[PDB]
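This report refers to the structure that appears directly beneath it.
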Amino acid sequence: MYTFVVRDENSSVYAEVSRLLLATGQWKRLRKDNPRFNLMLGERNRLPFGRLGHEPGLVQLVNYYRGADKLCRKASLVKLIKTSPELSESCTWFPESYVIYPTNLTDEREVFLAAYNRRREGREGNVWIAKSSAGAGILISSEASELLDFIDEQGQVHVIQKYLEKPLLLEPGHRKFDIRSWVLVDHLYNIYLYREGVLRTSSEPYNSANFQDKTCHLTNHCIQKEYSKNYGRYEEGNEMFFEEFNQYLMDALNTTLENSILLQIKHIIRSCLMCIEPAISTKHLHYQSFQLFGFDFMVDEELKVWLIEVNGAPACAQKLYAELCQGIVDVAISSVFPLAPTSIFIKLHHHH
Amino acid sequence: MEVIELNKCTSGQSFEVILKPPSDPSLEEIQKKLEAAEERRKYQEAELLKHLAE
Amino acid sequence: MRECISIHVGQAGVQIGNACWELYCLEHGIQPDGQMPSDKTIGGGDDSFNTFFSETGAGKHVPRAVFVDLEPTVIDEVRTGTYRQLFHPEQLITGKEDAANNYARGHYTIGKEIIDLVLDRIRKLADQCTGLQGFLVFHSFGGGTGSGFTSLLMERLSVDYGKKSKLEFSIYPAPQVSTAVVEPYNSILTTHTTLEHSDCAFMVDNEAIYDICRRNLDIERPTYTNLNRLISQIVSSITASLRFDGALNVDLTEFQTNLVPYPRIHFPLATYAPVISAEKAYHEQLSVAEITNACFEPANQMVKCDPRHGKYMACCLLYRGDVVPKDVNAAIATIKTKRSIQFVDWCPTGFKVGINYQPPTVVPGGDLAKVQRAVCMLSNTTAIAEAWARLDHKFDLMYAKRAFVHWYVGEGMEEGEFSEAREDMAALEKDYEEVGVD
Amino acid sequence: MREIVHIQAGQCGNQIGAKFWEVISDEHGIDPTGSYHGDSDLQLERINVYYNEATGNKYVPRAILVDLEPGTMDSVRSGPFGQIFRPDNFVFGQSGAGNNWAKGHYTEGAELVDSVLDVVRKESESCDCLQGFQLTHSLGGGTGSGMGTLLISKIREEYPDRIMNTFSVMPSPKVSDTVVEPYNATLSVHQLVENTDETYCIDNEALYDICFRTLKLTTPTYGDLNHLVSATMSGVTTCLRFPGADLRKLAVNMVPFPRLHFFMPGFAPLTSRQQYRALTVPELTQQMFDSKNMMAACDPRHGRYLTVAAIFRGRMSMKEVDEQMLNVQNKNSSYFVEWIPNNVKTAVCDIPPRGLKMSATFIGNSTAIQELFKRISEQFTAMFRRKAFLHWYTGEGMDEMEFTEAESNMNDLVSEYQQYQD
Ligand SMILES: Nc1nc2c(ncn2[C@@H]2O[C@H](COP(=O)(O)OP(=O)(O)OP(=O)(O)O)[C@@H](O)[C@H]2O)c(=O)[nH]1
Ligand SMILES: Nc1ncnc2c1ncn2[C@@H]1O[C@H](COP(=O)(O)OP(=O)(O)CP(=O)(O)O)[C@@H](O)[C@H]1O
Ligand SMILES: Nc1nc2c(ncn2[C@@H]2O[C@H](COP(=O)(O)OP(=O)(O)O)[C@@H](O)[C@H]2O)c(=O)[nH]1
Ligand SMILES: [Ca+2]
Ligand SMILES: [Ca+2]
Ligand SMILES: [Ca+2]
Ligand SMILES: [Mg+2]
Ligand SMILES: [Mg+2]
Ligand SMILES: [Mg+2]
């Protein structure tokens with residue numbers, strides 16, 4: 001009889017995994033503070049990694065990689081890409097970014132203005148976006167004065183990156199979108215990409231001559247369902263799945279989702295996770311880790327994929343909870359604690 | 006990667022390698053604590069013997 | 001030449017002390033009877049090994065050691081053991097009933113009545129020293145004597161020897177080899193009162209030693225003898241610089257200068273490699289790069305924690321055997337480009353390296369295989385704070401219900417000492433976080 | 001040289017105590033005449051804990067036999083190992099206690115208690131370093147219950163810093179001699195709450211059910227019950243009688262709160278006469296934690312374990328022992344309090360009991384023990400509310416107020432257990 005504890009009541013993903021674990025008749029849930037557990041569905045913040053793997057005779061496994069925040073933090077990701085040789089400062093798939101601390105607190128203010136003045140003098144599109152992790159708090163502008171002044175009015179670290187002025191627009195609608203990919207990394211550091219992705223689409227026509235109205239520029243599911251007037255017009259809940267998206271790319275662009283986009287997504291996922299493997303791997307550790315990641319990509323009109331951010335505690339599409347959650351139990355939990371296909375994942379092989 | 010202070014002898018050697026530059045209670049006081057705890061033990065035992073005498 | 005006096009308190013300290021002096025004698029060529037044929041100065045001398053051994057007119061090399069325990073059964077092992085002839089009776093001190101795993105009993109009740117006798121015996125060893133450096137104190141965290149009496153002795157040593165350094169070898173409690181439940185109380189109580197009296201403390205987690213014995217030595221259920229032989233190897237690695245010619249860590253003061261920039265953060269992490277089973281058909285001899293790289297693996301650390309998520313304040317590499325600086329520097333270069341080694345900004349990013357050409361000595365019939373080169377890395381990482389957090393958490397669980405507190409109050413300790421000691425530990429955890437996290 | 005002084009009082013106390021010395025004398029190689037004839041040094047390593055060494059290499063149990071009537075101690079002196087006891091250590095009267103706690107504690111017992119203390123003082127004066135005392139007795143009678151707790155009170159007055167341990171037989175209506183046993187037991191329990199460091203609770207009903215249901219004894223006798231107690235007493239004292250202990254250390258690690266020091270013991274195997284079959288470690292562990300193998304007649308699944316101590320005896324896989332023990336905990340952690348980390352401890356002894372390849376003794380400090388005191392409390396109140404049978408006690412000088420206070424004290428103890436069970 002295996003034992004596990006639940007320490008994040010707000011996680012919809014692991015509320016389902018916990019529901020499935022109990023359904024097998026071979027997993028027992030304990031009080032959240034009971035140390036005699038096999039599996040910890042840990043809290044998001046301040047997970048006590050130091051108390052794991054010190055129980056005699058208990059193989060303990062946790063659903064977060066200690067140190068993965070470097071990848072799942074706005075400012076952190078920027079610094080990791082620029083300072084890591086595996087990614088280098090010339091990384092071709094990450095928008096030019098800069099870490100900017102509010103003046104009320125290193126900082127890249129001068130470096131940003133140097134590249135900004137360069138674009139302004141070269142007639143090039145010079146639209147940037149300011150954002151941070153403390154947001155629900160986003161500003162899109164073509165003037166460096168507004169971007170910097172908006173950050174000083176706040177009190178947390180922000181990042182300024184180049185705004186993709188040439189996105190790929192679906193038709194009909196002429197609308198922006200982003201792609202969410204779920205990636206599961208197990209205790210052996212196998213990288214599993216969920217075969218099912220989701221496009222969170224904007225239900226409003228993209229307008230490049232007005233960044234004040236952020237409803238057609240931010241493809242967030244919450245912004246579309248709160249400040250958009252065409253929510254659910256083209257697809258249910260502004261969510262287009264790969265089957266429909268691939269059929270569209272064939273009809274309009276005479277190409278496939280695998281060739282034009284998925285190859286770049288798989289490459290980017292590998293690059294990001296292999297980079298930090300030496301720092302977060304639990305191969306020789308007294309406890310074991312696995313974690314579910316949510317990668318967010320942007321596609322431009324040239325069919326080039328850009329990485330936007332990485333989410334360490336992601337949610338799933340309502341239609342895909344059962345399949346993905348069961349897959350988490352199969353490859354992440356049962357692989358360590360077996361029970362008494372055609373995998374739903376795509377293994378991204380790599381050199382450890 | 007600099008090596009400084011290399012010292013060698015018949016039984017070994019030592020050195021320093023730099024990869025990057027940087028960026044009480046007195047005796048009396050202890051006697052009181054010991055005697056204080058001893059007094060508390062005496063008080064507790066005195067209350068036990070009082071309890072037993074009752 | 002400056003002398004060092006070793007003090008062994010409680011069962012853990014005494015049994016580890018017995019294992020170390022056995023190893024010291026094999027390393028220095030001293031026979032069980034105390035004779036040392038290679039020593040050509042009969043009845044005297046100021047050689048490096050004299051820091052740990054005095055000499056009689058008859059040529060006996062006597063350890064500068066005191067053994068203290070509140071029950072005689074463990075020290076009786078020394079009196080009738082292989083090396084019984086090394087010590088004289090004045091050096092072995094035993095009471096008749098122990099502290100019953102009760103810090104308050106070892107410190108107050110029993111400690112008050114034996115402290116003056118222990119100081120007298122230590123004073124006699126001190127009177128044999130021309131220039132005493134200080135003391136090496138071996139004890140457990142969990143035992144009533146190792147915790148309670150050690151903290152009292154350390155307080156008095158600071159009074160009677162104000163200008164002398166004091167280092168510790170402390171056994172951190174592990175449930176896999178302990179039948180006690182109150183050890184978190186004793187560990188925290190003794191750390192609070194000992195903190196300001198110890199210049200540098202090497203913690204060894206029985207959990208880590210236990211798992212190494214199972215993993216590397218293929219011992220299904222390691223005993224105290226197996227644990228202590230491995231621990232004595234690490235202790236020997238650390239004290240070798242005091243007992244042999246050399247220029248690194250030549251006196252106790254240098255341990256603080258090299259390993260402890262901030263006084264309260266004086267708990268270096270020890271890592272040792274290689275540990276090879278003697279029963280093996282025959283092992284492939286590891287290179288300098290391999291054993292050096294092994295120093296950054298959690299599996300061979302004396303305390304299980306993740307240095308990848310802390311900051312280094314100092315790092316010492318102590319090699320024994322066939323090693324030359326060329327290979328060490330090449331190995332360090334390779335590891336920097338592969339490992340997560342982040343120093344604090346107010347400390348240079350470097351390594352102090354010591355090499356002793358004599359390879360590790362193995363006790364005949366022991367579990368450890370003879371290797372041609374071994375290394376012990378002493379690094380001051382904030383990652384060892386994981387060990388304090390674990391211990392403090394067990395304390396909090398029991399103290400919230402005042403479980404077992406009556407045993408301590410019953411021996412004359414005030415309940416407020418618990419909270420006072422606990423708040424000091426919370427402050428220690430805060431210090432580690434201010435130095436390690438951004 | 002950590003000596004223990006053993007005291008056995010009353011009929012039950014002397015009959016169980018006699019069998020105890022019979023069992024361990026065999027384990028240590030001491031024959032009925034006190035001469036050693038073993039073949040292992042482990045037998046004499048700690049022999050002085052329970053035995054004195056006399057002239058001619060003779061070993062004499064450090065035991066004091068007490069009773070208010072001669073009958074039972076005449077039987078011991080004539081029994082199997084009767085000649086091994088020190089003749090001077092038989093202290094007995096003639097009047098009897100009439101299953102009357104007041105007679106044992108206040109009248110008949112008071113007249114004899116000083117001579118008993120003279121023998122205790124004599125045995126202690128010859129101890130290099132006295133660990134403490136252990137008393138065997140029943141709570142349902144007069145001498146063991148009333149005079150036994152009187153002895154404990156006077157021993158604590160004279161040896162206030164020594165450990166006081168008892169093996170206490172708790173009465174049950176299913177195995178009863180008189181209807182006043184709940185009166186005598188309630189009066190004794192309060193004395194034990196105050197003046198003992200550890201009390202092993204032995205319920206005669208549990209011993210009976212084990213003999214009837216598990217051992218398949220059609221008509222169990224007191225002798226059959228005492229066989230289980232002997233085997234259990236030998237198992238719980240293995241920690242003290244062989245290398246690997251100390252009464253104070255055990256108490257420090259078993260008793261988190263001073264008044265909650267009442268333990269449920271258990272033994273395995275308990276085989277009916281399929282008696283030669285080898286018993287694996289999983290079977291030993293499963294049975295030892297099985298309620299049917301426990302002797303307090305309390306379902307552990309009704310309370311929570313504060314601390315647990317298991318002692319395995321015999322040549323076996325200590326690695327496999329850890330795997331099965333860590334399996335029972337990590338498979339039923341709902342019955343262990345989570346605020347005492349690592350509160351389940353295990354110990355192995357190489358010397359097995369006579370006629371067994373291996374065995375396991377269980378020592379649990381469980382809040383489920385409150386059910387035992389609840390039953391006693393209910394039977395007490397059923398009679399006391401009508402003042403039934405009180406004249407036996409008021410005739411000895413007792414007042415009803417002392418019964419009301421004993422009733423309140425035990426209901427306080429029950430309430431104290433209940434708060435830690437939640
Ligand atoms: N590594 C190692 N640990 C030991 C040894 N002996 C005891 N320990 C550990 O020390 C702790 C128990 O404390 P002890 O040193 O035995 O007790 P003590 O210092 O003699 O004090 P008392 O309570 O009076 O007996 C437990 O955590 C044991 O695991 C030993 O020989 N080697
Ligand atoms: N450089 C850029 N160019 C174009 N669009 C961008 C952009 N950066 C962000 N966006 C838009 O912002 C939206 C989400 O922004 P971001 O992901 O930084 O905030 P967020 O993290 O709170 C949402 P989530 O965590 O769910 O992905 C995306 O839908 C994307 O269309
Ligand atoms: N297990 C066991 N219980 C006994 C024995 N003799 C008496 N009892 C129980 O002890 C109680 C009677 O007390 P007893 O010892 O005879 O009275 P005492 O001689 O005055 O101390 C009743 O609950 C009996 O069931 C015995 O030999 N074995
Ligand atoms: Ca000499
Ligand atoms: Ca000092
Ligand atoms: Ca009379
Ligand atoms: Mg986000
Ligand atoms: Mg001891
Ligand atoms: Mg009777």
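Protein chains in written order, with the deposited numbering: chain F, 1 to 105, 125 to 155, 159 to 362, 371 to 382; chain E, 6 to 28, 44 to 74; chain A, 1 to 438; chain B, 1 to 42, 45 to 246, 250 to 278, 281 to 360, 369 to 437. Just so it is clear, CB atoms sit at the ideal spot from N, CA and C, and this is done for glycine as well.
Please confirm whether residue 507 (chain A) has its beta-carbon closer than 7 Å to some beta-carbon of chain F.
Residue numbering for chain A in the displayed model covers 1 to 438; residue 507 (chain A) lies beyond these limits and cannot be assessed.
My understanding is that residue 146 (chain B) touches residue 12 (chain B), with C-beta atoms under 8 Å, so please give their C-beta distance in whole angstroms.
Numbered from 1 along the fourth sequence, position 144 holds the residue referred to as residue 146 (chain B). Numbered from 1 along the fourth sequence, position 12 holds the residue referred to as residue 12 (chain B). Indeed, because the Cβ distance is near 6 Å, the residues count as touching under 8 Å.
In chain F, what lies closer than 7 Å to residue 176 (chain A) by C-beta?
The residue given as residue 176 (chain A) occupies position 176 in the third sequence. 56, listed in chain order.
If you measure from the beta carbon of residue 1 (chain F) to each beta carbon in chain B, is any gap under 7 Å?
Walking along the first sequence from the start, residue 1 (chain F) turns up at place 1. At least one chain B Cβ lies under 7 Å of residue 1 (chain F).
Measuring alpha carbon to alpha carbon, tell me which of F:159, F:140, F:134 and F:178 ends up nearest residue 105 (chain F).
For the purposes of this step, residue 105 (chain F) is taken as residue 105 along the first sequence, with counting starting at 1. Measuring from the Cα of residue 105 (chain F), the nearest candidate turns out to be F:178.
Anyone know if the C-beta pair for residue 74 (chain A) and residue 14 (chain A) falls short of 7 Å?
For this step, residue 74 (chain A) is matched to residue 74 along the third sequence. For this step, residue 14 (chain A) is matched to residue 14 along the third sequence. It is a contact, given that the beta carbons lie within the stated cut-off.
Compute the Euclidean distance between the alpha carbons of residue 341 (chain F) and residue 325 (chain B), then round it to the nearest angstrom.
Residue 341 (chain F) sits at position 319 when you count from the first residue of the first sequence. Residue 325 (chain B) sits at position 318 when you count from the first residue of the fourth sequence. Whole-angstrom Cα-Cα distance: 51 Å.
Give me every residue whose Cβ sits closer than 6 Å to any heavy atom of ligand 7, in chain order.
In chain order, the hits are F:331 and F:333.
Using a Cβ distance threshold of 8 Å, determine whether the stretch 96-106 of chain B contacts the stretch 409-425 of chain A, with at least three qualifying pairs required.
With the cut-off at 8 Å, the stretch 96-106 of chain B and the stretch 409-425 of chain A do not touch.
I need the straight-line Cα distance from residue 37 (chain B) to residue 47 (chain B), nearest angstrom please.
As a working mapping, residue 37 (chain B) is identified with position 37 in the fourth sequence. As a working mapping, residue 47 (chain B) is identified with position 45 in the fourth sequence. Taking the straight line from one Cα to the other gives about 14 Å.
Using alpha carbons as the reference points, say which of F:343, F:150 and F:136 lies closest to residue 144 (chain F).
Numbered from its first residue, the first sequence carries residue 144 (chain F) at position 125. The shortest Cα separation from residue 144 (chain F) among F:343, F:150 and F:136 belongs to F:136.
Would you say residue 390 (chain A) reaches chain F, if we count a Cβ-Cβ gap shorter than 7 Å as a contact?
Numbered from its first residue, the third sequence carries residue 390 (chain A) at position 390. Cβ-Cβ to chain F under 7 Å: yes for residue 390 (chain A).
What is the rounded straight-line gap between the Cα of residue 259 (chain A) and the Cα of residue 59 (chain E)?
Locating residue 259 (chain A) in the third sequence gives position 259, counting from the first residue. Locating residue 59 (chain E) in the second sequence gives position 39, counting from the first residue. Those two C-alpha atoms are separated by around 42 Å.
Residue 284 (chain F) by DSSP, collapsed to three states: which one?
Counted from its first residue, the first sequence places residue 284 (chain F) at position 262. Residue state, collapsed to three classes: helix.
If the cut is a Cβ gap below 8 Å, which residues of chain B does residue 54 (chain E) touch?
Here residue 54 (chain E) refers to the residue found at position 34 of the second sequence. None at all; the shortest Cβ gap to chain B is about 18 Å.
Go through the stretch 349-406 of chain A residue by residue and report every complete run of the alpha helix (DSSP H) that reaches 4 residues or more, in order.
Complete alpha helix (DSSP H) runs here, min 4: 385-399.
Quick one, which of A:97, A:267, A:227 and A:160 has its alpha-carbon nearest residue 253 (chain B)'s?
For the purposes of this step, residue 253 (chain B) is identified with residue 248 of the fourth sequence, where counting begins at 1. Taking only the C-alpha atoms, the option nearest residue 253 (chain B) is A:97.
In the stretch 329-357 of chain A, which residues sit with their C-beta less than 7 Å from some C-beta in chain E, listed in chain order?
Listed in sequence order: 329, 332, 333, 336, 345, 346, 347, 348, 349, 350, 351, 352, 353, 354, 355, 356 and 357.
Are the beta-carbon atoms belonging to residue 299 (chain A) and residue 273 (chain A) less than 7 Å from one another?
In the third sequence, residue 299 (chain A) corresponds to position 299, counting from 1. In the third sequence, residue 273 (chain A) corresponds to position 273, counting from 1. Against a cut-off of 7 Å, the Cβ pair of residue 273 (chain A) and residue 299 (chain A) comes out as no contact.
Can you give the Cα-Cα distance for residue 123 (chain F) and residue 133 (chain A), rounded to whole angstroms?
It's not possible to place residue 123 (chain F) here, given that chain F moves directly from 105 to 125.
Comparing the CB of residue 18 (chain F) with every heavy atom of ligand 5, is any distance shorter than 6 Å?
Here residue 18 (chain F) refers to the residue found at position 18 of the first sequence. The answer is no for residue 18 (chain F).
As a quick check of your reading: which residues have a C-beta less than 5 Å from at least one non-hydrogen atom of ligand 4, in chain order?
Going by the Cβ distance cut-off, the answer is A:39, A:41 and A:45.
Can you pull the chain A neighbours of residue 70 (chain E), defined as C-beta to C-beta under 7 Å?
Taking the first residue of the second sequence as 1, we reach residue 70 (chain E) at position 50. Residues of chain A passing the Cβ test: none, with the nearest at roughly 17 Å.
On the DSSP bridge list, what partners appear for residue 6 (chain B)?
As a first step, residue 6 (chain B) must be located in the fourth sequence, where it is residue number 6. Looking at the DSSP assignment, residue 6 (chain B) forms a beta bridge with B:65 and B:136.
Just checking: is the beta-carbon of residue 36 (chain F) within a distance shorter than 7 Å of some beta-carbon in chain B?
Numbered from 1 along the first sequence, position 36 holds the residue referred to as residue 36 (chain F). True, the Cβ-Cβ gap to chain B drops below 7 Å.
Is residue 313 (chain B) helix, strand or coil by DSSP?
Looking up residue 313 (chain B) in the fourth sequence gives position 306. Residue 313 (chain B): strand per DSSP, three-state reduction.
Return the residues of the stretch 385-418 of chain A that lie within a Cβ-Cβ distance of less than 7 Å from chain B, sorted by chain order.
From the stretch 385-418 of chain A, only 394, 397, 398, 400, 401, 403, 404, 406 and 407 have a Cβ closer than 7 Å to chain B.
Note the first and the last residue of the continuous beta strand (DSSP E) segment covering residue 369 (chain F).
Position 362 is followed directly by 371 in chain F, which means residue 369 (chain F) is not present among the coordinates.
Is residue 113 (chain B) near ligand 6 - that is, is its Cβ less than 6 Å away from at least one heavy atom of it?
To locate residue 113 (chain B), count along the fourth sequence from 1; it is residue 111. Because some heavy atom of ligand 6 lies under 6 Å away, the Cβ of residue 113 (chain B) counts as near it: yes.
Within the present structure, is the beta-carbon of residue 98 (chain A) separated from the nearest heavy atom of ligand 8 by less than 6 Å?
In the third sequence, counting from the first residue as 1, residue 98 (chain A) sits at position 98. Yes, since a heavy atom of ligand 8 falls inside the 6 Å radius drawn around the Cβ of residue 98 (chain A).
Give the single residue among A:110, A:109 and A:6 whose Cα lies nearest to the Cα of residue 64 (chain A).
Position 64 of the third sequence, counted from the start, is the residue given in the question as residue 64 (chain A). Out of A:110, A:109 and A:6, A:6 has the C-alpha closest to the C-alpha of residue 64 (chain A).
Let's test the definition: count the other Cβ atoms within 10 Å of the Cβ of residue 71 (chain E) and tell me whether it reaches 16, buried, or not, exposed.
Walking along the second sequence from the start, residue 71 (chain E) turns up at place 51. Under this definition residue 71 (chain E) is an exposed residue.
Identify every run of the alpha helix (DSSP H) within the stretch 121-198 of chain A, keeping only runs that are complete inside it and at least 4 residues long; order them along the chain.
List check, alpha helix (DSSP H) in window: 150-160 and 183-194.
I want to see whether chain A comes within less than 7 Å of residue 335 (chain F), judged by CB atoms only; does it?
Taking the first residue of the first sequence as position 1, residue 335 (chain F) is located at position 313. Taking Cβ atoms only, chain A never reaches closer than 7 Å to residue 335 (chain F), which makes this a no.
Taking residue 359 (chain B) as the reference, which of B:323, B:33, B:168 and B:150 has the closest Cα?
Here the question's residue 359 (chain B) lines up with position 352 in the fourth sequence. Ranking the options by Cα distance to residue 359 (chain B), first place goes to B:323.
Only counting the same chain, and skipping five residues up and downstream in sequence, which positions put a Cβ closer than 6 Å to that of residue 362 (chain A)?
Working through the third sequence from its first residue, we reach residue 362 (chain A) at position 362. So the list reads 368 and 370, once near-sequence residues are dropped.
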